[PDB]
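Novice: Below you will find the structure I want to go over with you.
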Amino acid sequence: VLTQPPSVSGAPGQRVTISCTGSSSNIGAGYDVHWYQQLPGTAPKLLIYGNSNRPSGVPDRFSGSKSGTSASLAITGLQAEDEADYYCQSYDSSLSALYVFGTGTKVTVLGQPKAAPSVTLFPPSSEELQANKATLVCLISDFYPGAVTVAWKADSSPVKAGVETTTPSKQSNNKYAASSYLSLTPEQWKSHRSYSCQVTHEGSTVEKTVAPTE
Amino acid sequence: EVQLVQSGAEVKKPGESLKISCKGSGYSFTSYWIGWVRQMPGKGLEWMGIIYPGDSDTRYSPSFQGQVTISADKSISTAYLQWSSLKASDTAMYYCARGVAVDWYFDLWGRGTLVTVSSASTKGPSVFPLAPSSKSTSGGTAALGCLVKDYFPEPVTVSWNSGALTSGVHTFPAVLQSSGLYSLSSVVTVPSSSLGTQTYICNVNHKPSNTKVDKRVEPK
């Protein structure tokens, strides 16, 4: 009902705008539009109320406006603190909905140099093997941008069964890290000469290898 | 300070009942409406309903009408969200928020209550060493870690050397496996010089199962 860009991006000090498009029964009806900011791991907080007004404590660089069936939020002088999710919200007469929330927008602050991932592959501990399980742990750290592909190999042959991989999220140094796991039975672990974790990032590839004979 | 205080995290199986609570604090509870907002993992905000504590006038979103009951006890400044029969897909963060009428925005938000709904039962983790070796060593710094396997529910926290080791630490988000159990890893980069002299212990805390595990991680 309220459609937003799924992602907006920009360098520090730059200006960006987030769009909020509704129909004739909500924004087009002259109903107010409000905006919420949700920092990572926090509850949402009100950012803009009454199309354009700002609660106390909200920086001046945050601006709102409305035009016909759409509305838009404006951040001018993006800094690093503004990396968050933003939701517009209004009211729709037809749907009997006092509150209609927007689809949401992730805002990333693209002020950071490219950084190549560091890849670490751990084989199963003998402790876990004694528990009759075998998990290979591939840790990908210190990389930017945050898109990576991870591929696992057993003796140069792709393995897709039993892989779980986390979506990249930021480390304390504002770079990215991600992890992948390969879950094997002990018998599968020992039935191959090597296993590989292959991490692709911006065209470059890093391949770490482990072997049961180690 | 004006505050909406929400009850703690819940773990439930499908079919079970649940009532969670939101206590207004630092303002007259009857002078505002109180709404409930759902946020499922990785998705957006969904309005569930709103209630005026003064007269318990309740209005629900068309999607949640007949699916949940919102109520309020104005004598103790508390509003409630309840389910008679939880679904797995009710797994979510639920926010209490304070509404202003006519304008119909939310000026004050609670910190949220996490509700996990799964057929899994609470289970504490197995902790395995990710031992340093030449394979995790490069140029004087080496990586070591501990693998935190097969716990439920989420969260575990991990510290190193009871908090004394904080630089270089990264604890990753969890993986949810097909068993319904979670796994994660915590890693730290230390100097290679230290592997024979400095002891490294990870401290794995799983409050939902009342479990704490310390595991010293050594070179192979």
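Identifiers for the structure tokens are assigned positionally: chains receive A, B, ... in sequence, residues are indexed from 1 per chain, and ligands are indexed from 1 in the order shown.
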Using only C-alpha atoms, which residues of chain B come within 6 Å of chain A, and what is the closest atom pair for each, with the distance in Å to one decimal? Give it as CSV, sorted by chain and residue number.
Specialist:
```
residue,atom,partner,partner_atom,distance
B:61,CA,A:97,CA,5.8
B:107,CA,A:46,CA,5.8
B:111,CA,A:43,CA,5.3
B:136,CA,A:120,CA,5.9
```
Novice: Quick one: DSSP strand (DSSP E) residues in chain B, as number ranges by chain?
Specialist: B: 3-6, 10-12, 18-25, 33-39, 45-52, 57-60, 69-73, 78-83, 92-100, 105-109, 113-117, 126-130, 137-138, 141-151, 157-160, 170-171, 175-176, 182-191, 201-206, 211-216
Novice: Which neighbours of residue 52 in chain A fall inside 7 Å, counting only C-alpha atoms, when residues of the same chain fewer than 5 positions from it are skipped, and could you give them as a ChimeraX atom specification?
Specialist: /A:63-65
Novice: Pick out the residues sitting within 7 Å of range 157-167 of chain B, and hand them over as number ranges by chain; count only C-alpha atoms, and ignore anything fewer than 6 positions along from it in its own chain.
Specialist: B: 186, 200-206
Novice: Got time to write the residues from that selection, C-alpha atoms, as a compact mmCIF listing (two decimals), in the first residue's frame?
Specialist:
```
# COMPACT_ATOMS: atom_id res chain seq x y z
CA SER B 186 33.08 -16.36 17.85
CA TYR B 200 42.58 -18.13 25.69
CA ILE B 201 39.17 -19.10 27.10
CA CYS B 202 35.83 -18.35 25.51
CA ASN B 203 32.85 -17.87 27.85
CA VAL B 204 29.59 -18.99 26.21
CA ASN B 205 26.38 -17.83 27.94
CA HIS B 206 22.99 -19.32 27.06
```
Novice: Env of range 121-123 of chain B: 8 Å cut, atoms = only C-alpha atoms, seq-sep filter 5 positions within chain, self excluded. Answer as an mmCIF file with N, CA and C atoms, in the first residue's frame.
Specialist:
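Printed below is result-v3.cif as written:
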```cif
data_model
loop_
_atom_site.group_PDB
_atom_site.id
_atom_site.type_symbol
_atom_site.label_atom_id
_atom_site.label_comp_id
_atom_site.auth_asym_id
_atom_site.auth_seq_id
_atom_site.Cartn_x
_atom_site.Cartn_y
_atom_site.Cartn_z
ATOM 1 N N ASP B 150 24.250 -25.993 18.097
ATOM 2 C CA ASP B 150 22.984 -26.699 18.357
ATOM 3 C C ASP B 150 22.304 -26.252 19.655
ATOM 4 N N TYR B 151 22.082 -24.954 19.764
ATOM 5 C CA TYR B 151 21.352 -24.418 20.902
ATOM 6 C C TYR B 151 19.996 -23.895 20.458
ATOM 7 N N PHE B 152 19.090 -23.757 21.439
ATOM 8 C CA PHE B 152 17.759 -23.179 21.230
ATOM 9 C C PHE B 152 17.196 -22.785 22.582
ATOM 10 N N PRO B 153 16.555 -21.602 22.709
ATOM 11 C CA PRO B 153 16.569 -20.635 21.605
ATOM 12 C C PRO B 153 17.740 -19.687 21.563
ATOM 13 N N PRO B 208 18.672 -18.677 28.115
ATOM 14 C CA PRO B 208 17.413 -19.442 28.009
ATOM 15 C C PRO B 208 17.476 -20.849 28.564
ATOM 16 N N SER B 209 18.645 -21.498 28.554
ATOM 17 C CA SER B 209 18.753 -22.847 29.098
ATOM 18 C C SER B 209 19.501 -22.875 30.412
#
```
Novice: Measuring between only C-alpha atoms, which one of B:213, B:76, B:68, B:50 shows the shortest distance to residue 24 in chain B?
Specialist: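 Comparing B:213, B:76, B:68, B:50 against residue 24 in chain B, the winner is B:76.
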